[PDB]
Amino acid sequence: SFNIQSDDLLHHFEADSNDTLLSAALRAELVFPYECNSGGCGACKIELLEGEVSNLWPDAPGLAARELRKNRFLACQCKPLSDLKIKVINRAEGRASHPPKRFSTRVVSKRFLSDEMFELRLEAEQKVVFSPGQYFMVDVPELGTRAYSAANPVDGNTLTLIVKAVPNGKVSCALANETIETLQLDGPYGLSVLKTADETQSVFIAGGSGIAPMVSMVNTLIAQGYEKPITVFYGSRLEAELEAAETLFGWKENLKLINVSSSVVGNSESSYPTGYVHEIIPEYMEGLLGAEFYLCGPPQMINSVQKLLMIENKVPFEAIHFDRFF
């Protein structure tokens, strides 16, 4: 156990040799800036002042090469080799209600939603807790560990994942194609979560695997009797996934699913608006004044929709929740 000190933190904390600095801080009940826990966003960046560390992923894109030369690391990609003194670069913007914990699961079902998208249902030996919008780190031995979002409302010892098999992707393709009886998880993690307050309505915008946290959040709203409008914009190049989306969300009168197809040929025998979600949203924007927006999944879409909302319209930063998968 190594002692980790920082003037930027409320108190020092211990880190086990097997934890990253970010994981250890969160288990120590500290607020710590992060978003993705996956080396892409850069939010968890630290400067190493005293001590030695192991860099889990030198080529992590969340850090510029110049920053590495200036003794910076990503806390989510950094393990201590000694007691440390660190500087936390960014201001922390939120704290999760449930802290991350390691636990085992049994895979109780696998179901293909389309050629590339499938649903896993997992069972733990104790209740699986999270805030809808959060994710769990799923390890596949000898291949890697990746974040996957809860796709269910919180419910006993269960967890649902919705995974897209990424071409040449190590972990997602293994989850798709292998028969795996047990999975070791660590979570929940994540700060982009369902919130209900003074918003006029809720708007959920995703593409591909980004559907997963949307299903948890929307189905939670349905279960909890949310009465304000819920609008889901969902895009894919594969119309089989748009069709799958129709079955994934629960039903309620105030829920509208707007599937948008960028597919080359017309499939499914159900015509959708064509193009990309950032092309379709503008004709709804007048009616979405005051919404809470949740943006989930792929970079091209989150980038395009972010510009649409904050530049072309006047949606404040505070009304938008970013869940970037990188």
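Start at 1 and count along the sequence shown; that's the residue number.
- On average the C-alpha atoms of 310-318 have higher B-factors than those of the other stretch, with 310-318 and 9-17 being the two compared.
- 63-71 and 29-37 differ in mean CA B-factor, and the higher of the two is recorded for 63-71.
- Reading the B-factor column for the CA atoms of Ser109, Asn254, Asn90, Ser149 in the entry, the top value corresponds to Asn254.
- Among the modelled residues of its chain, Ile86 has a C-alpha B-factor that falls in the middle third, as given in the PDB entry.
- When the modelled residues of the chain are ordered by C-alpha B-factor, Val277 sits in the middle third.
- Per-chain ranking of the deposited C-alpha B factor places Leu238 in the highest third.
- Ranked by Cα temperature factor within the chain, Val264 sits in the highest third according to the deposited record.
- Among all modelled residues in this chain, the alpha-carbon of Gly94 has a temperature factor (C-alpha) in the highest third.
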